[PDB]
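The chain that follows stands alone, in the form deposited in one PDB entry, written as structure tokens.
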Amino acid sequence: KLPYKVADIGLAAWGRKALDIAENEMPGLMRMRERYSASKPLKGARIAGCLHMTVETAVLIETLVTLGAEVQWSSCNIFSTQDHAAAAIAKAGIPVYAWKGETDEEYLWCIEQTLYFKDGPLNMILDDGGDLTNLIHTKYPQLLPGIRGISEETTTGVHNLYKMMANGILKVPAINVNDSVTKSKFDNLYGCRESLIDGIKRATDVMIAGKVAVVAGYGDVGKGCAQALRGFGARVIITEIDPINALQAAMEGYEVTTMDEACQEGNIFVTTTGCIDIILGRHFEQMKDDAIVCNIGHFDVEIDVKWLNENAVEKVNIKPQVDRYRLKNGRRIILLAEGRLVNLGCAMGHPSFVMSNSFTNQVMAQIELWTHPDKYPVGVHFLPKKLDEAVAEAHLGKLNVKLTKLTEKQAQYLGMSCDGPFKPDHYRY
């Protein structure tokens, strides 16, 4: 009944200014507008979205409308909404129900407001976290027959879709864009490579060069963190449980050992594992004075922060999201973002260009499911490679790249189409 609900609609001009700046760093989304604003391949679609209502997501929203869709939006987190961004979407005449600092009750309400449109119920789900997908299946299963497809971009959401399918709960075809090369590499590797040191610097202003930096995990996040630190002249040590990832680290010349050993040597500690119990009290007790300890991996479970609160003799807040503990041995630990994500707590998260790749993935998913009614049966499907390739291609102009086109003869010799896809499904890049 409310046409939108935002904090302050007067912030819309400030939102529009930020939008004007972000658009230039989001060419993937802007290419989609250039290519599809006349043909309007999403005409008919009624997309309910649930995703961090940021400046970046606003560019995504307005891309979808430009492609012909009706769109109604909520946030997937209670603090990630940027109110000026939300105001700008509201003022543009797009139903948005989101503000910074929602209650759990207000959060659910917001999502519920996106389900019904002027002409009828939603017919497409765009989700980050599975909350919109879970709400429809548990609370509003009447609407499932009318929904053509789900796009999902997070690890949690994809893991959740696989369980729903395993248990017979899932009733709508779903495209997983989380495991696209263009999504995964920007969200995990390039993103964290840019923002790790940004967070550490804003938090501490510390010299990186000449320090030992211990990075737990050498997956895509660890790889980027390690590369970043190394570029500044830090000596990086890696820890790993996977022998293949450990081997990769060794072949780049990184020392690889255990946290038990490395806790005695590190000036800076970065956890990127996705796993519990990486840095623990017995590690803290061995650390050099004023060791910087932060997490860029799993939400808040990698570092035993509760140990520091329970065993330290002093806790002094330095600035927002920077606390300095003194231990019984008389040495200090500088803990960043309360053991949560350093890139969100002490910096501005992912750069716009990163979000461009992730959201251009989701625009592709939406078109693919909506444009091909009967193509995808109920289940979780990977985004086809040709669309993953089209995401990358959409950014090349901005990257100052001239891509080569295969000649017909060359394509014949390779046994592939000159428009792609160019690699088999098992190709690792």
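The first residue of the sequence shown is number 1, and the count goes up from there.
The following text describes the form deposited in another entry, which does not appear among the structures shown.
Rigid-part rearrangement between this form and the one not shown places its hinge, out of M207, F382, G253, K163, at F382.
The gap between the Cα atoms of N77 and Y218 is smaller in the other form, by no less than 3 Å, than in this form.
The Cα-Cα distance between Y36 and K405 is lengthened by 3 Å or more in the other form relative to the form shown here.
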